Peer 1: 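Below is a structure I'd like to ask you about.
Reckoned from all heavy atoms, side chains included, excluding hydrogens, waters and symmetry mates. Throughout, a chain's letter reflects where its sequence line sits, starting with A, and its residues are numbered from 1.
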Number of protein chains: 4
Amino acid sequence: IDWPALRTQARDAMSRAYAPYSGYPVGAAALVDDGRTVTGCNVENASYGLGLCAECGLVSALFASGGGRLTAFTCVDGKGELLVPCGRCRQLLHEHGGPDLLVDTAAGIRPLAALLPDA
Amino acid sequence: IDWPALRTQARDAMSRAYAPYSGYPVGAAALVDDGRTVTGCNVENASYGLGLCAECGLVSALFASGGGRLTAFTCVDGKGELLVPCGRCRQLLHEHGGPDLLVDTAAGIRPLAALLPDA
Amino acid sequence: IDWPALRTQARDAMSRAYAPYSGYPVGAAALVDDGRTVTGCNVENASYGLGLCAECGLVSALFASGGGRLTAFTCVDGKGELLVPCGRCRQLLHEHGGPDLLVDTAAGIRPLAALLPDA
Amino acid sequence: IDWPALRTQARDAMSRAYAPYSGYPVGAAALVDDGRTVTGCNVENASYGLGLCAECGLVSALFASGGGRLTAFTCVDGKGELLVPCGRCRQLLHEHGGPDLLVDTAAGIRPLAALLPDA
Ligand SMILES: [Zn+2]
Ligand SMILES: [Zn+2]
Ligand SMILES: [Zn+2]
Ligand SMILES: [Zn+2]
């Protein structure tokens with residue numbers, strides 16, 4: 001796993017985000033078990049509760065590009081700092097990466113099971 | 001607008017969907033104002049309320065591919081029938097296509113204004 | 001249907017909203033087919049996409065208080081002005097009130113079918 | 001904390017759920033810092049992704065009944081088994097209960113911090 005290259009893809013995705021309501025763009029990138037990278041950016045909506053997280057876009061892009069399992073994940077904010085996914089996004093990642101998905105956090109790389117136990 | 005080509009793209013996207021809980025795959029495709037096509041497929045979740053509609057993935061892909069405004073939209077189910085987006089997805093499409101967005105339905109081509117007035 | 005009394009319940013609900021992120025509180029009230037009134041207020045979340053609309057809370061309160069069908073609906077903002085529900089909330093109302101649910105709008109009372117056709 | 005009384009309330013709420021699509025009713029109950037109990041049940045939707053978890057309805061009811069902070073939480077399925085909230089609902093509970101919120105699980109009483117670290 002090339003974590004700097006994954007973080008670079010996440011920062012590039014962050015630059016594409018639609019976040020005019022919060023002013024808080026987010027980008028995410030993940031390695032799929034076939035070796036390819038998929039990315040997402042957040043897309044906010046005037047009805048706040050319809051906003052899509054970057055991880056939502058990433059999971060949609062996972063299947064649009066052929067499916068598979070996530071093996072490594074990173075998320076970054078508009079300053080390029082590492083972000084831990086919100087609880088909803090942890091649940092999406094669990095479905096497609098499982099407990100052993102590696103998650104890039106500001107405190108260090110963590111298995112998803114350490115971030116969402118008993119899921 | 002080449003509606004048959006857009007429907008073919010939506011059906012292609014539908015074949016990639018992750019809908020093991022309902023068994024109801026959905027694909028969507030839309031023309032962007034710069035002329036390119038974006039697509040989405042639905043992605044269900046063990047927690048049903050976390051499922052992403054095909055139109056969610058389509059809007060995520062819109063910005064992942066550089067943004068823009070949507071001008072024409074088609075959605076299809078697993079047997080190729082035209083589907084009308086749910087209310088949530090109508091609101092997502094309103095944000096990025098507005099009332100003039102053309103929606104391919106079994107009743108014909110309808111502007112989004114007629115499917116979600118006063119949004 | 002006593003529309004002023006329903007709007008009064010909606011404004012009271014609006015005063016209870018949790019909307020620190022947008023500063024945009026919303027209250028909703030509805031008449032159930034058994035004669036009782038149910039209400040909701042919006043509840044925002046630090047992850048914007050997890051925010052619950054007032055109509056979401058209203059539909060949860062509909063079942064917590066015994067279920068039934070909605071017959072009249074009104075939604076108000078922090079100035080007490082009438083609001084049309086977003087597309088997601090129109091879809092929730094359709095499930096529990098159907099096309100003939102009466103919806104209070106600033107332009108006048110409308111059946112839900114006029115706000116969410118072909119649902 | 002009277003955990004049996006809280007579980008009885010969650011089971012009561014579960015019996016009111018609207019889950020005709022999955023056939024999987026869920027109820028939740030929580031103690032508020034002022035001492036009162038709030039409850040929720042899940043409400044599914046024909047568009048699966050619009051379903052509301054029991055914890056969504058519980059948080060809606062928290063503010064509908066005057067707000068506060070959650071201190072203890074229990075969730076049960078249709079046979080009375082204790083359920084751990086999905087990631088989305090963990091995030092909702094974090095907003096209104098924080099890491100010290102006590103969560104009733106089959107592994108015992110766990111603080112939310114241990115179920116959703118670094119939120
Ligand atoms: Zn998220
Ligand atoms: Zn939809
Ligand atoms: Zn809404
Ligand atoms: Zn949940």
Side-chain angles (χ1 to χ4, degrees), chain A residues 47 49, chain B residues 47-50 87-88, chain C residues 9-10 13-14 16-19 26-32 34 36-45 50-70 73 75 85-86 88-97 101, chain D residues 9-22 24-30 32 36-68 70 73-76 83 85-86 88-89 91-93 95-96:
Chain A
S47 182
Chain B
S47 174
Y48 284 26
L50 303 191
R88 183 264 298 276
Chain C
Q9 286 251 59
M14 178 272 296
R16 292 184 239 110
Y18 178 81
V26 179
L31 186 65
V32 193
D34 76 333
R36 76 178 189 282
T37 296
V38 297
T39 65
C41 57
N42 59 332
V43 179
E44 300 183 337
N45 191 270
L50 313 190
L52 303 161
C53 292
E55 301 86 316
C56 296
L58 186 150
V59 168
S60 292
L62 171 64
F63 287 94
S65 54
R69 302 282 298 170
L70 304 179
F73 172 91
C75 187
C86 83
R88 179 263 295 280
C89 290
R90 297 181 203 194
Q91 190 71 59
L92 297 182
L93 293 178
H94 183 85
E95 180 107 15
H96 307 287
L101 170 66
Chain D
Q9 288 250 46
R11 194 141 193 193
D12 277 343
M14 177 280 288
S15 72
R16 295 175 172 89
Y18 179 81
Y21 300 97
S22 68
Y24 193 79
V26 180
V32 191
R36 79 185 188 279
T37 296
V38 293
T39 66
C41 58
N42 58 336
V43 182
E44 296 182 333
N45 191 268
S47 174
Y48 284 26
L50 303 191
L52 300 158
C53 291
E55 303 90 311
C56 300
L58 185 156
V59 171
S60 296
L62 174 62
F63 290 94
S65 62
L70 304 177
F73 171 91
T74 65
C75 187
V76 301
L83 296 177
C86 80
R88 183 264 298 276
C89 293
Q91 190 72 55
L92 295 181
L93 296 174
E95 181 98 17
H96 306 291

Peer 1: So do D:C56 and D:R88 actually touch side chain to side chain, heavy atoms under 4.5 Å?
Peer 2: yes
Peer 1: Measure across D:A29 and D:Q9 and return the closest heavy-atom pair with its distance rounded to 0.1 Å.
Peer 2: CB-CB, 3.8 Å
Peer 1: So which pairs with a foot in residues 53-64 of chain D pass side chain to side chain donor-acceptor pair (under 3.5 Å), sequence neighbours left out?
Peer 2: none
Peer 1: Would you give me the side-chain donor-acceptor pairs under 3.5 Å for residues 63-70 of chain C, sequence neighbours excluded?
Peer 2:
residue : atom : partner : partner atom : Å
C:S65   : OG   : C:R36   : NE           : 3.1
C:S65   : OG   : C:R36   : NH2          : 3.0
C:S65   : OG   : C:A61   : O            : 2.6
C:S65   : OG   : C:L62   : O            : 3.3
C:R69   : NH1  : C:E95   : O            : 3.0

Peer 1: Where do D:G40 and D:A13 come nearest, in terms of heavy atoms and distance?
Peer 2: O-CB, 3.5 Å
Peer 1: Between C:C86 and A:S47, which heavy-atom pair has the shortest distance, and what is it?
Peer 2: SG-OG, 3.4 Å
Peer 1: Compare all side-chain heavy atoms of C:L92 with those of D:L52 and state whether any distance is below 4.5 angstrom.
Peer 2: yes
Peer 1: Got C:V26 and C:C75 here, is their nearest side-chain heavy-atom distance under 4.5 Å?
Peer 2: yes
Peer 1: Less than 4.5 Å apart, side chain to side chain, heavy atoms only: is that true for C:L58 and C:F73?
Peer 2: yes
Peer 1: Using atom types as modelled and distance alone, determine if a side-chain donor or acceptor of D:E44 lies under 3.5 Å from a backbone N or O of D:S22.
Peer 2: yes
Peer 1: Under a 4.5 Å cut-off applied to non-hydrogen side-chain atoms, are D:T39 and D:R16 in contact?
Peer 2: no
Peer 1: Where do D:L93 and D:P85 come nearest, in terms of heavy atoms and distance?
Peer 2: CD1-CG, 3.9 Å
